[PDB]
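Just so it is clear: chains get the letters A, B, ... in the order the sequence lines come, proteins before strands, and each one is counted from 1. Worth knowing before you read on, the calculation uses all heavy atoms, side chains too, and leaves out hydrogens, waters and symmetry mates.
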2 protein chains.
Amino acid sequence: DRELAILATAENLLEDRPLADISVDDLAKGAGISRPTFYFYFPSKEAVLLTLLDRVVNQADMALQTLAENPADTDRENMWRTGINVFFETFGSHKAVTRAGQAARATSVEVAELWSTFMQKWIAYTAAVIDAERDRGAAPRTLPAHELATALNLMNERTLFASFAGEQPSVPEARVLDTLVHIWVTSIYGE
Amino acid sequence: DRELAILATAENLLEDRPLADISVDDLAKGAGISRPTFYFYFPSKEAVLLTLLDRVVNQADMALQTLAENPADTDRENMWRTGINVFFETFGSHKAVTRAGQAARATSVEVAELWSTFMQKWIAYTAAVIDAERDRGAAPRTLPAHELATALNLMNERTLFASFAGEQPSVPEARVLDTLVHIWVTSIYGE
Ligand SMILES: O=C(NCCC(F)(F)F)c1ccc(-c2csc(CNS(=O)(=O)c3ccccc3)n2)cc1
Ligand SMILES: O=C(NCCC(F)(F)F)c1ccc(-c2csc(CNS(=O)(=O)c3ccccc3)n2)cc1
């Protein structure tokens, strides 16, 4: 639609500059519509970023749902690698939306609440799998599962997103998946 | 001095509202000086937060230097707990400066560079200790030490600061030290 064109324009421009430096007029021009026509689709450029983030977050969530329904046939190291890889590939394929969406957590209650809702969901799912591993005798009962899950999820948020943004310091993007898998597997299966 | 009074006023006000909602006039009034007298001590309210952050960061750094010079007489779990505790206690004793200083990373190159410099230093020291543990045969050679150190340091930044801010999600403050120690010890000593 024109909606999909505004979203694509926003994602393209965000690869060059922050949302602060993008105007409604910029988004309209790229989508081949006028400013008032823009306001028919979105109330604000902040609504455009919220929608972009919502789509990327739901893409990751559905990928993880897909894996949870269809468990891959592998050792525990590859089970966790496959789950972390959802986030690495999904967010790493949308770096500009990731960077801008994280930055908007500071200024938008709707972005903060979106991020908070899905992090809670991914932590609860992490904990449920760690608890399943403990129930079947493959993982030791150490930390409370939900506390362990929370810190591992927060580690992944900061570490993946520092890598994608090329922050100093950061793990290089080509090393970050193996880095996180090591810490997940040792902390989940380690006495 | 009047300098110390401005710094104390800023830290007190930051416990109530963001730097965005604090004026130079607010800082002058609390310190018992006029606005132009304020500008004799600091160029801007942003300089006041930079100085507060610089003092808290250097306090943590010196505490860690103190431990590095005078190694406590304990098992490896208590060695790592004592190091992480520097950050938990130092930043956890200055939550308002922590929150505001992290938020200012987005808008101030000097705050971003301060934070980046010390994180590099703390990661290099982490890696140097992991490498010492590997050299003496107490830790296995798994991940490259500096990559492991980077992800553990970034985990601590996000997890400690989410706890202090009471974010949803977060580990409760009373559980966060034990949570992080578990993940450091298992990931550093785990095959
Ligand atoms: O990174 C994460 N969070 C942070 C997100 C960020 F960074 F902020 F973007 C994150 C990583 C992994 C999981 C997860 C849960 S359970 C599992 C195992 N795979 S599984 O059960 O789906 C599976 C995989 C393969 C075979 C069988 C089951 N992996 C959840 C969250
Ligand atoms: O949390 C950290 N970083 C993130 C900071 C944040 F969160 F962003 F604020 C952080 C935690 C621990 C260390 C560290 C290095 S080495 C050691 C062992 N203790 S030691 O060598 O100093 C020691 C202790 C006791 C006995 C002997 C030696 N601990 C470094 C950094």
Novice: Under 6.0 Å from the six-membered ring centre of A:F164 and within 45° of its axis: does the NZ or CZ of A:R99 meet both?
Specialist: no
Novice: Is it the backbone or the side chain of A:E157 that comes under 4.5 Å from a heavy atom of chain B, or both, or neither?
Specialist: side chain
Novice: Any carboxylate oxygen within less than 4.0 angstrom of a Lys/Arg side-chain nitrogen, looking at B:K95 and B:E11?
Specialist: no
Novice: Examine whether an atom of A:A103 lies under 4.5 Å from a heavy atom of chain B, and if so say whether it belongs to the side chain, the backbone or both; otherwise answer neither.
Specialist: neither
Novice: Would you mind telling me which of B:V171, B:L143, B:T150, B:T159 has the largest number of heavy-atom pairs within less than 4.5 Å of chain A?
Specialist: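 Ranked by heavy-atom pairs under 4.5 Å with chain A, first place is B:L143.
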Novice: When you look at A:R81 and A:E89, which way does the salt bridge (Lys or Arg N to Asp or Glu O under 4.0 Å) test go after all the steps?
Specialist: CA-CA 12 Å; A:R81 184 177 297 273; A:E89 284 294 338; over 6 Å; no
Novice: Could you check whether any side-chain heavy atom of B:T179 comes within less than 4.5 Å of a side-chain heavy atom of A:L148, counting everything from C-beta outward?
Specialist: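 B:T179 does not reach A:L148 side chain to side chain.
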Novice: Applying salt bridge (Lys or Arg N to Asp or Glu O under 4.0 Å) to B:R141 and B:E191, what does each step give before you reach the verdict?
Specialist: CA-CA 8 Å; B:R141 181 169 173 190; B:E191 301 290 335; over 6 Å; no
Novice: Looking at A:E167, A:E113, A:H146, A:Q168, which has the largest count of heavy-atom pairs under 4.5 Å with chain B?
Specialist: A:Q168
Novice: Give, as side chain, backbone, both or neither, the part of B:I123 having an atom under 4.5 angstrom from any heavy atom of chain A.
Specialist: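 Side chain of B:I123 only, per the 4.5 Å heavy-atom cut-off to chain A.
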Novice: Name the orientation class of the two ring planes belonging to A:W184 and A:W80 (parallel below 30°, tilted from 30 to 60°, perpendicular beyond 60°).
Specialist: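 A:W184 vs A:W80 ring planes: tilted.
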Novice: Considering only heavy atoms and a distance below 4.5 Å, find which of B:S170, B:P169, B:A106, B:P172 pairs most often with chain A.
Specialist: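 The residue among B:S170, B:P169, B:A106, B:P172 with the greatest pair count is B:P169.
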Novice: Is A:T117 in contact with chain B via its backbone, its side chain, both, or neither, using a 4.5 Å heavy-atom distance?
Specialist: neither
